[PDB]
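Shown next: protein.cif, containing mmCIF, N, CA, C and O atoms.
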```cif
data_entry
#
loop_
_atom_site.group_PDB
_atom_site.id
_atom_site.type_symbol
_atom_site.label_atom_id
_atom_site.label_comp_id
_atom_site.auth_asym_id
_atom_site.auth_seq_id
_atom_site.Cartn_x
_atom_site.Cartn_y
_atom_site.Cartn_z
ATOM 1 N N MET A 1 14.447 -11.597 23.140
ATOM 2 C CA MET A 1 13.608 -10.771 22.243
ATOM 3 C C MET A 1 14.054 -10.819 20.823
ATOM 4 O O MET A 1 15.041 -11.475 20.491
ATOM 5 N N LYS A 2 13.335 -10.168 19.890
ATOM 6 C CA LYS A 2 13.544 -10.324 18.485
ATOM 7 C C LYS A 2 14.791 -9.701 17.959
ATOM 8 O O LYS A 2 15.660 -10.381 17.417
ATOM 9 N N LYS A 3 14.945 -8.370 18.080
ATOM 10 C CA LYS A 3 16.056 -7.653 17.535
ATOM 11 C C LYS A 3 16.857 -7.026 18.624
ATOM 12 O O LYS A 3 17.688 -7.675 19.257
ATOM 13 N N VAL A 4 16.656 -5.726 18.899
ATOM 14 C CA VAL A 4 17.402 -4.978 19.864
ATOM 15 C C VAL A 4 16.883 -5.167 21.249
ATOM 16 O O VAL A 4 15.785 -5.691 21.435
ATOM 17 N N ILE A 5 17.619 -4.752 22.294
ATOM 18 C CA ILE A 5 17.129 -4.918 23.629
ATOM 19 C C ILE A 5 16.377 -3.693 24.020
ATOM 20 O O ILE A 5 15.178 -3.739 24.291
ATOM 21 N N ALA A 6 17.063 -2.536 24.047
ATOM 22 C CA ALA A 6 16.429 -1.346 24.524
ATOM 23 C C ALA A 6 17.139 -0.080 24.185
ATOM 24 O O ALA A 6 18.280 -0.079 23.725
ATOM 25 N N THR A 7 16.492 1.056 24.499
ATOM 26 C CA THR A 7 17.012 2.388 24.517
ATOM 27 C C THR A 7 17.123 2.866 25.925
ATOM 28 O O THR A 7 16.484 2.332 26.831
ATOM 29 N N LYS A 8 17.948 3.900 26.169
ATOM 30 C CA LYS A 8 18.091 4.563 27.428
ATOM 31 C C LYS A 8 18.540 3.725 28.576
ATOM 32 O O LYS A 8 17.940 3.732 29.648
ATOM 33 N N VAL A 9 19.624 2.944 28.413
ATOM 34 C CA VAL A 9 20.045 1.890 29.281
ATOM 35 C C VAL A 9 21.286 2.306 29.996
ATOM 36 O O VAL A 9 22.134 2.992 29.427
ATOM 37 N N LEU A 10 21.448 1.913 31.272
ATOM 38 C CA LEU A 10 22.580 2.252 32.077
ATOM 39 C C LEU A 10 23.463 1.065 32.256
ATOM 40 O O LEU A 10 23.023 -0.083 32.267
ATOM 41 N N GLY A 11 24.780 1.289 32.412
ATOM 42 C CA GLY A 11 25.714 0.231 32.647
ATOM 43 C C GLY A 11 27.107 0.749 32.742
ATOM 44 O O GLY A 11 27.320 1.958 32.795
ATOM 45 N N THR A 12 28.113 -0.144 32.695
ATOM 46 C CA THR A 12 29.441 0.197 33.102
ATOM 47 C C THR A 12 30.366 0.100 31.937
ATOM 48 O O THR A 12 30.514 -0.950 31.316
ATOM 49 N N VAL A 13 31.037 1.212 31.584
ATOM 50 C CA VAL A 13 31.955 1.268 30.490
ATOM 51 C C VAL A 13 33.322 0.879 30.937
ATOM 52 O O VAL A 13 33.827 1.377 31.943
ATOM 53 N N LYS A 14 33.987 -0.041 30.216
ATOM 54 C CA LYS A 14 35.313 -0.471 30.534
ATOM 55 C C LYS A 14 36.185 -0.488 29.326
ATOM 56 O O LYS A 14 35.716 -0.504 28.189
ATOM 57 N N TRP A 15 37.512 -0.459 29.538
ATOM 58 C CA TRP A 15 38.552 -0.474 28.556
ATOM 59 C C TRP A 15 38.338 0.271 27.286
ATOM 60 O O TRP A 15 38.325 -0.291 26.191
ATOM 61 N N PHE A 16 38.198 1.606 27.369
ATOM 62 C CA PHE A 16 38.118 2.448 26.215
ATOM 63 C C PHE A 16 39.475 2.692 25.655
ATOM 64 O O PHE A 16 40.365 3.254 26.293
ATOM 65 N N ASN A 17 39.699 2.258 24.401
ATOM 66 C CA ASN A 17 40.917 2.448 23.676
ATOM 67 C C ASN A 17 40.777 3.667 22.829
ATOM 68 O O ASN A 17 40.089 3.653 21.809
ATOM 69 N N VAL A 18 41.455 4.761 23.213
ATOM 70 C CA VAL A 18 41.363 6.063 22.628
ATOM 71 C C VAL A 18 41.988 6.127 21.277
ATOM 72 O O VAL A 18 41.506 6.834 20.393
ATOM 73 N N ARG A 19 43.075 5.375 21.025
ATOM 74 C CA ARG A 19 43.840 5.480 19.821
ATOM 75 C C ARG A 19 43.090 5.072 18.600
ATOM 76 O O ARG A 19 43.233 5.681 17.540
ATOM 77 N N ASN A 20 42.256 4.020 18.682
ATOM 78 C CA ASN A 20 41.336 3.691 17.639
ATOM 79 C C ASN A 20 39.984 4.269 17.885
ATOM 80 O O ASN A 20 39.295 4.676 16.952
ATOM 81 N N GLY A 21 39.536 4.350 19.152
ATOM 82 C CA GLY A 21 38.315 4.994 19.525
ATOM 83 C C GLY A 21 37.180 4.054 19.747
ATOM 84 O O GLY A 21 36.042 4.335 19.370
ATOM 85 N N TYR A 22 37.462 2.908 20.392
ATOM 86 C CA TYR A 22 36.533 1.852 20.652
ATOM 87 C C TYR A 22 36.646 1.428 22.076
ATOM 88 O O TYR A 22 37.726 1.401 22.665
ATOM 89 N N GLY A 23 35.526 1.017 22.696
ATOM 90 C CA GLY A 23 35.531 0.406 23.989
ATOM 91 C C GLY A 23 34.388 -0.544 24.082
ATOM 92 O O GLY A 23 33.706 -0.808 23.093
ATOM 93 N N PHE A 24 34.115 -1.097 25.277
ATOM 94 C CA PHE A 24 32.975 -1.942 25.455
ATOM 95 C C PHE A 24 32.318 -1.713 26.774
ATOM 96 O O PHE A 24 32.900 -1.237 27.746
ATOM 97 N N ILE A 25 31.004 -2.002 26.822
ATOM 98 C CA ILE A 25 30.179 -1.815 27.975
ATOM 99 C C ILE A 25 29.767 -3.155 28.479
ATOM 100 O O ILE A 25 29.437 -4.068 27.724
ATOM 101 N N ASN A 26 29.724 -3.296 29.816
ATOM 102 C CA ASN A 26 29.198 -4.463 30.457
ATOM 103 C C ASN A 26 27.752 -4.222 30.725
ATOM 104 O O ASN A 26 27.357 -3.651 31.742
ATOM 105 N N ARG A 27 26.884 -4.611 29.774
ATOM 106 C CA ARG A 27 25.459 -4.510 29.845
ATOM 107 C C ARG A 27 24.849 -5.360 30.907
ATOM 108 O O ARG A 27 24.872 -6.588 30.850
ATOM 109 N N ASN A 28 24.309 -4.721 31.959
ATOM 110 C CA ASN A 28 24.060 -5.267 33.257
ATOM 111 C C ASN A 28 23.261 -6.513 33.427
ATOM 112 O O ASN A 28 23.691 -7.394 34.169
ATOM 113 N N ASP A 29 22.083 -6.691 32.801
ATOM 114 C CA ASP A 29 21.191 -7.766 33.103
ATOM 115 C C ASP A 29 21.694 -9.166 33.003
ATOM 116 O O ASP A 29 21.499 -9.936 33.943
ATOM 117 N N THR A 30 22.359 -9.607 31.920
ATOM 118 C CA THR A 30 22.948 -10.911 31.900
ATOM 119 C C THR A 30 24.303 -10.763 31.300
ATOM 120 O O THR A 30 24.815 -11.644 30.610
ATOM 121 N N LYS A 31 24.954 -9.627 31.602
ATOM 122 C CA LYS A 31 26.329 -9.349 31.324
ATOM 123 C C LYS A 31 26.672 -9.462 29.879
ATOM 124 O O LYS A 31 27.502 -10.269 29.461
ATOM 125 N N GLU A 32 26.075 -8.610 29.027
ATOM 126 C CA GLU A 32 26.157 -8.821 27.615
ATOM 127 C C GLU A 32 27.060 -7.815 26.988
ATOM 128 O O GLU A 32 27.263 -6.708 27.483
ATOM 129 N N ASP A 33 27.697 -8.199 25.868
ATOM 130 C CA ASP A 33 28.748 -7.450 25.254
ATOM 131 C C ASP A 33 28.222 -6.391 24.348
ATOM 132 O O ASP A 33 27.596 -6.653 23.322
ATOM 133 N N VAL A 34 28.426 -5.123 24.748
ATOM 134 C CA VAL A 34 28.009 -3.971 24.009
ATOM 135 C C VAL A 34 29.227 -3.244 23.555
ATOM 136 O O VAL A 34 29.973 -2.682 24.356
ATOM 137 N N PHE A 35 29.516 -3.212 22.242
ATOM 138 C CA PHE A 35 30.635 -2.501 21.706
ATOM 139 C C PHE A 35 30.264 -1.091 21.402
ATOM 140 O O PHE A 35 29.236 -0.825 20.781
ATOM 141 N N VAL A 36 31.114 -0.118 21.780
ATOM 142 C CA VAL A 36 30.807 1.273 21.662
ATOM 143 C C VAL A 36 31.931 1.996 21.004
ATOM 144 O O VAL A 36 33.109 1.781 21.290
ATOM 145 N N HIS A 37 31.607 2.855 20.021
ATOM 146 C CA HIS A 37 32.527 3.611 19.227
ATOM 147 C C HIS A 37 32.343 5.077 19.420
ATOM 148 O O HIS A 37 31.269 5.569 19.758
ATOM 149 N N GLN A 38 33.410 5.859 19.180
ATOM 150 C CA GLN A 38 33.461 7.283 19.305
ATOM 151 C C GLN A 38 32.443 8.081 18.567
ATOM 152 O O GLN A 38 32.006 9.137 19.022
ATOM 153 N N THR A 39 31.962 7.613 17.401
ATOM 154 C CA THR A 39 30.976 8.293 16.620
ATOM 155 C C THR A 39 29.591 8.193 17.157
ATOM 156 O O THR A 39 28.709 8.934 16.727
ATOM 157 N N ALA A 40 29.330 7.310 18.138
ATOM 158 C CA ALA A 40 28.047 7.160 18.757
ATOM 159 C C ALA A 40 27.880 8.054 19.937
ATOM 160 O O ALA A 40 26.766 8.282 20.409
ATOM 161 N N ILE A 41 28.987 8.617 20.453
ATOM 162 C CA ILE A 41 29.020 9.507 21.571
ATOM 163 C C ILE A 41 28.510 10.857 21.198
ATOM 164 O O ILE A 41 28.874 11.428 20.171
ATOM 165 N N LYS A 42 27.617 11.459 22.004
ATOM 166 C CA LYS A 42 27.048 12.744 21.741
ATOM 167 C C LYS A 42 27.973 13.896 21.935
ATOM 168 O O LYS A 42 29.068 13.787 22.482
ATOM 169 N N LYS A 43 27.562 15.091 21.471
ATOM 170 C CA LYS A 43 28.177 16.365 21.683
ATOM 171 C C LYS A 43 29.601 16.483 21.261
ATOM 172 O O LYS A 43 29.912 16.344 20.079
ATOM 173 N N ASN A 44 30.527 16.768 22.194
ATOM 174 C CA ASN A 44 31.935 16.888 21.972
ATOM 175 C C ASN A 44 32.601 16.520 23.253
ATOM 176 O O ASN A 44 32.115 16.840 24.337
ATOM 177 N N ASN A 45 33.748 15.824 23.177
ATOM 178 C CA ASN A 45 34.535 15.423 24.302
ATOM 179 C C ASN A 45 35.878 16.059 24.182
ATOM 180 O O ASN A 45 36.634 15.638 23.308
ATOM 181 N N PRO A 46 36.280 17.041 24.934
ATOM 182 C CA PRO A 46 37.581 17.627 24.799
ATOM 183 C C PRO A 46 38.674 16.784 25.359
ATOM 184 O O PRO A 46 38.438 15.772 26.018
ATOM 185 N N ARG A 47 39.931 17.240 25.204
ATOM 186 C CA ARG A 47 41.080 16.454 25.527
ATOM 187 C C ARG A 47 41.801 17.020 26.702
ATOM 188 O O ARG A 47 42.977 17.376 26.646
ATOM 189 N N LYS A 48 41.127 17.114 27.861
ATOM 190 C CA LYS A 48 41.643 17.768 29.025
ATOM 191 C C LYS A 48 41.002 17.280 30.279
ATOM 192 O O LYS A 48 40.041 16.514 30.235
ATOM 193 N N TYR A 49 41.513 17.725 31.440
ATOM 194 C CA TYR A 49 41.024 17.472 32.760
ATOM 195 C C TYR A 49 41.205 16.081 33.262
ATOM 196 O O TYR A 49 41.158 15.093 32.531
ATOM 197 N N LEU A 50 41.473 15.942 34.574
ATOM 198 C CA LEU A 50 41.656 14.676 35.209
ATOM 199 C C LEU A 50 40.396 14.144 35.802
ATOM 200 O O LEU A 50 39.731 13.303 35.199
ATOM 201 N N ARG A 51 40.001 14.593 37.006
ATOM 202 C CA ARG A 51 39.032 13.933 37.826
ATOM 203 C C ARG A 51 37.603 14.134 37.459
ATOM 204 O O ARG A 51 37.004 15.184 37.688
ATOM 205 N N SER A 52 36.962 13.088 36.906
ATOM 206 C CA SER A 52 35.557 13.045 36.637
ATOM 207 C C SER A 52 34.934 11.959 37.444
ATOM 208 O O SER A 52 34.174 12.225 38.374
ATOM 209 N N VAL A 53 35.250 10.688 37.139
ATOM 210 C CA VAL A 53 34.857 9.543 37.899
ATOM 211 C C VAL A 53 36.076 8.736 38.185
ATOM 212 O O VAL A 53 36.627 8.770 39.284
ATOM 213 N N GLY A 54 36.565 7.963 37.198
ATOM 214 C CA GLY A 54 37.647 7.042 37.345
ATOM 215 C C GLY A 54 37.376 5.876 36.457
ATOM 216 O O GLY A 54 36.801 6.043 35.382
ATOM 217 N N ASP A 55 37.737 4.648 36.869
ATOM 218 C CA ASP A 55 37.419 3.434 36.184
ATOM 219 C C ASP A 55 36.031 2.978 36.478
ATOM 220 O O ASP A 55 35.521 3.181 37.580
ATOM 221 N N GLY A 56 35.344 2.338 35.516
ATOM 222 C CA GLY A 56 34.000 1.871 35.674
ATOM 223 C C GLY A 56 32.957 2.931 35.768
ATOM 224 O O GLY A 56 32.067 2.864 36.616
ATOM 225 N N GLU A 57 33.013 3.949 34.891
ATOM 226 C CA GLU A 57 32.049 5.006 34.865
ATOM 227 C C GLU A 57 30.744 4.597 34.273
ATOM 228 O O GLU A 57 30.645 3.678 33.460
ATOM 229 N N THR A 58 29.659 5.267 34.700
ATOM 230 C CA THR A 58 28.335 4.984 34.240
ATOM 231 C C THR A 58 27.964 5.943 33.161
ATOM 232 O O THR A 58 28.228 7.143 33.231
ATOM 233 N N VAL A 59 27.310 5.423 32.107
ATOM 234 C CA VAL A 59 26.986 6.116 30.899
ATOM 235 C C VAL A 59 25.647 5.614 30.481
ATOM 236 O O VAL A 59 25.306 4.477 30.805
ATOM 237 N N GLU A 60 24.831 6.412 29.771
ATOM 238 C CA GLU A 60 23.609 5.965 29.176
ATOM 239 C C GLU A 60 23.815 5.658 27.731
ATOM 240 O O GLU A 60 24.564 6.333 27.028
ATOM 241 N N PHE A 61 23.133 4.606 27.242
ATOM 242 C CA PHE A 61 23.273 4.160 25.891
ATOM 243 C C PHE A 61 22.064 3.379 25.503
ATOM 244 O O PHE A 61 21.318 2.879 26.345
ATOM 245 N N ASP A 62 21.810 3.203 24.195
ATOM 246 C CA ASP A 62 20.858 2.250 23.716
ATOM 247 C C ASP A 62 21.578 0.960 23.535
ATOM 248 O O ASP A 62 22.741 0.966 23.130
ATOM 249 N N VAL A 63 20.983 -0.212 23.820
ATOM 250 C CA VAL A 63 21.577 -1.491 23.592
ATOM 251 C C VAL A 63 20.984 -2.024 22.333
ATOM 252 O O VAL A 63 19.882 -2.572 22.336
ATOM 253 N N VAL A 64 21.671 -1.875 21.186
ATOM 254 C CA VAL A 64 21.000 -2.041 19.936
ATOM 255 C C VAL A 64 21.677 -3.092 19.126
ATOM 256 O O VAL A 64 22.886 -3.296 19.232
ATOM 257 N N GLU A 65 20.905 -3.877 18.352
ATOM 258 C CA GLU A 65 21.357 -5.049 17.667
ATOM 259 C C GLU A 65 22.455 -4.777 16.698
ATOM 260 O O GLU A 65 22.324 -4.127 15.662
ATOM 261 N N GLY A 66 23.619 -5.318 17.098
ATOM 262 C CA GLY A 66 24.880 -5.243 16.425
ATOM 263 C C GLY A 66 25.078 -6.352 15.451
ATOM 264 O O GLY A 66 24.252 -6.609 14.576
ATOM 265 N N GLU A 67 26.222 -7.052 15.568
ATOM 266 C CA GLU A 67 26.606 -8.114 14.689
ATOM 267 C C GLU A 67 26.311 -9.422 15.338
ATOM 268 O O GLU A 67 25.376 -10.132 14.974
ATOM 269 N N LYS A 68 27.087 -9.785 16.376
ATOM 270 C CA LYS A 68 26.901 -10.983 17.133
ATOM 271 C C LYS A 68 25.864 -10.822 18.192
ATOM 272 O O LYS A 68 25.212 -11.780 18.602
ATOM 273 N N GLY A 69 25.655 -9.580 18.667
ATOM 274 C CA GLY A 69 24.899 -9.319 19.852
ATOM 275 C C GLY A 69 24.457 -7.896 19.902
ATOM 276 O O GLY A 69 23.361 -7.568 19.447
ATOM 277 N N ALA A 70 25.275 -6.996 20.476
ATOM 278 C CA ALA A 70 24.857 -5.645 20.683
ATOM 279 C C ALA A 70 25.930 -4.624 20.515
ATOM 280 O O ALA A 70 27.114 -4.836 20.768
ATOM 281 N N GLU A 71 25.505 -3.429 20.064
ATOM 282 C CA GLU A 71 26.262 -2.217 20.022
ATOM 283 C C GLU A 71 25.573 -1.145 20.794
ATOM 284 O O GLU A 71 24.645 -1.417 21.554
ATOM 285 N N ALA A 72 25.932 0.135 20.591
ATOM 286 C CA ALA A 72 25.479 1.197 21.434
ATOM 287 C C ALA A 72 25.309 2.447 20.641
ATOM 288 O O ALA A 72 26.139 2.821 19.815
ATOM 289 N N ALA A 73 24.161 3.117 20.847
ATOM 290 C CA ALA A 73 23.769 4.304 20.153
ATOM 291 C C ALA A 73 23.282 5.300 21.147
ATOM 292 O O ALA A 73 22.990 4.939 22.287
ATOM 293 N N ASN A 74 23.214 6.589 20.768
ATOM 294 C CA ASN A 74 22.799 7.682 21.593
ATOM 295 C C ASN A 74 23.483 7.771 22.913
ATOM 296 O O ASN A 74 22.854 7.850 23.966
ATOM 297 N N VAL A 75 24.828 7.742 22.902
ATOM 298 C CA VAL A 75 25.630 7.519 24.064
ATOM 299 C C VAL A 75 26.033 8.797 24.719
ATOM 300 O O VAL A 75 26.519 9.721 24.070
ATOM 301 N N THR A 76 25.824 8.906 26.044
ATOM 302 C CA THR A 76 26.064 10.092 26.804
ATOM 303 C C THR A 76 27.394 10.093 27.474
ATOM 304 O O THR A 76 28.426 9.771 26.885
ATOM 305 N N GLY A 77 27.453 10.471 28.764
ATOM 306 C CA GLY A 77 28.628 10.506 29.579
ATOM 307 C C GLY A 77 28.262 11.042 30.922
ATOM 308 O O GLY A 77 27.103 11.414 31.104
ATOM 309 N N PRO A 78 29.145 11.117 31.873
ATOM 310 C CA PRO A 78 28.850 11.628 33.180
ATOM 311 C C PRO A 78 28.617 13.094 33.302
ATOM 312 O O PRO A 78 28.360 13.555 34.413
ATOM 313 N N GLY A 79 28.728 13.899 32.232
ATOM 314 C CA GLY A 79 28.612 15.320 32.348
ATOM 315 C C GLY A 79 29.090 16.008 31.078
ATOM 316 O O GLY A 79 28.236 16.334 30.209
#
```
What is this file in structure tokens?
Amino acid sequence: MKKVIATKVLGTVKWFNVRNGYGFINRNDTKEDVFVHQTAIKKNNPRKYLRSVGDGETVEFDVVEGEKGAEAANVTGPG
């Protein structure tokens, strides 16, 4: 397609680096690189609690035209 892929997209978040505040998503259809930053995440995320999901959590995001490929906007979380 021309520019961005979509809004409201599901996929698997991996390797979130908290210290800088960046991670990446494995965008499902043809395994595409979606970079995601802390400022795109909605609401507030506190700094507590253990058990939510684990590794490979599912999150909603827009897959939106980045630099080389894609980034992520309107990003949610499991709860």
### Query
When the PyMOL selection byres ((chain A and resi 22-24) around 5) is applied to the file above, which residues end up in the set, as a list in words?
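Expected selection for the PyMOL selection byres ((chain A and resi 22-24) around 5) here is residues 12, 13, 14, 15, 16, 17, 20, 21, 25, 26, 34, 35, 36 and 37 of chain A.
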### Task
List every residue of range 5-69 of chain A that DSSP, applied to the backbone, labels as strand (DSSP E), and write the result as a PyMOL selection string.
chain A and resi 6-17+22-27+32-37+58-65
#### Entry: Nearby residues (all atoms listed in the file) at most 4.5 Å from range 60-62 of chain A, same-chain spacing under 2 positions excluded, as a ChimeraX atom specification
/A:6-9,64,71-76
### Task
Mind giving me the straight-line distance from CA of residue 31 in chain A to atom N of residue 79 in chain A in Å, one decimal?
23.4 Å
### Task
Take CA of residue 59 in chain A and CA of residue 77 in chain A and report the distance between them in Å, one decimal.
4.9 Å
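Between atom O of residue 63 in chain A and atom O of residue 4 in chain A there is a distance of 5.2 Å.
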### Query
Which is closest to residue 65 in chain A among A:19, A:78, A:53, A:32, if we use only C-alpha atoms?
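Ranked by minimum distance to residue 65 in chain A, first place goes to A:32.
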#### Entry: Those in chain A with helix (DSSP H, G or I) from DSSP, as a ChimeraX atom specification
/A:28-30,38-40
